[PDB]
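Quick setup: one chain, the form deposited in one PDB entry, written in structure tokens, and binding and motion questions come after.
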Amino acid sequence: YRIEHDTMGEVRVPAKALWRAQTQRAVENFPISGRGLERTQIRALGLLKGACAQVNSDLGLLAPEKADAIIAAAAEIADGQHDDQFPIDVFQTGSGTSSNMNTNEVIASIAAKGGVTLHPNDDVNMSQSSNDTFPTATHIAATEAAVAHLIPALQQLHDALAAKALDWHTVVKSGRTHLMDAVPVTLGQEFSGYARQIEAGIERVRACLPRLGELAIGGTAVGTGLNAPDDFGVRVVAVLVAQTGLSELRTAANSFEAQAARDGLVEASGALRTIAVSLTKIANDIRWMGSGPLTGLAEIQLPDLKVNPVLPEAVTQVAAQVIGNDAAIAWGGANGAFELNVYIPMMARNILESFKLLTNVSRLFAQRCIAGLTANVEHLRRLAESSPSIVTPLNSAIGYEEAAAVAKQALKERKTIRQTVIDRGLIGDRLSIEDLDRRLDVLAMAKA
């Protein structure tokens, strides 16, 4: 319970806390959700402060002693060593200034322990404002989440689906359109469709990266770069690209757009929301396929964790959450004013969560559900042999006219094509039973 002195009086602070007065005031002002920044957001604030210190030292604006202490303190934060020194609520000042100052004060305290004295604002916040720092750390975290985590998780899910598409290439079954019996398909063809949806998901995430990776750093309070070196932005980005290996990080095309709006987060959420839509279709088909056994479709067996489809349920619930988060993101994105969008902490929480939920559930779905699915091959064939048939494959044998007559009589008397051919006395020199059965073969009808 130490006490610190702030322009407006006394501030008691826990003794093991590396944060100082400004952070403690923010803890007292925003008791709203009881949840603070995630590890990914803390890491990104650490990376940004170390890179800013590096560029300020390289330009001779910051004494190398101070730069070295900030860089060492920043590397600790970026490595997860201080994820308990960020107690400010998500629902804070809309610039994220409070979390920016939290990072400054924690760095000042880490450096004081190694014998170096830093001013949180004058030293740790040199060449930065309260308004270009938090959106930069947000876009670093979002870009890392897309590139290093989500894309590889979706590729894992793609690869599991594609492996089933190949394994089940000739597992014939009935098609269903409008939930009603349709012509044959293979379980492989269905899984090739699921695989494409996740591949298109990766294409969607890749397509947003040119704008998701844009950083505001260098634009300072209003986007003009006042009180920062002219090249601060390009220099800081180059340090971040070198340290993270994230080639997608880049200076904003327009320094005003990069602070007045967070449109890059709205765009990216759209890709995540499309993936949630894709995953809902895949998960719903899979739990329906596994339904029953007696009262359902009983086409496949899901691995057990009468098995409940618990991972399709976790996938569909994650999809619901990404759709809600996406609505919250767009609402904050639309409501900027003049030189600043002041919904950054809320937008950051929601997009980083959507990235995390999709990454974690996709790897789980891939490994613990898709990879272990077993097909009820004999049951599926019996469903295919109960699908409607067509007369087209008899044309070359009985002619367009007779085929048309078979098709009409089958519909009138509610008989199969096969039985109708037999009942009309059509077996003979122009069509053996062998030919009939080859022409109407359900696997051939699936065109696999």
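Between two forms, the rigid core is defined as the largest C-alpha subset superposing within 1.5 Å. The first residue of the shown sequence is 1; numbering continues from there. Residues that one form lacks are left out of the comparison.
Absent from the display: the form deposited in another entry. The rest refers to it.
In a rigid-core overlay of the protein, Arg35 has its C-alpha displaced by under 2 Å between the shown form and the other one. In this overlay on the rigid core, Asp423 has a C-alpha that sits 2 Å or more away from its partner position between the shown form and the other one.
Once you line up the core between the shown form and the other one, the Cα of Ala26 stays within less than 2 Å of where it was.
Segments of 3 or more consecutive residues in which every C-alpha moves by 2 Å or more between the shown form and the other one, counting only residues present in both forms and fitting on the core, are 1-16, 386-432.
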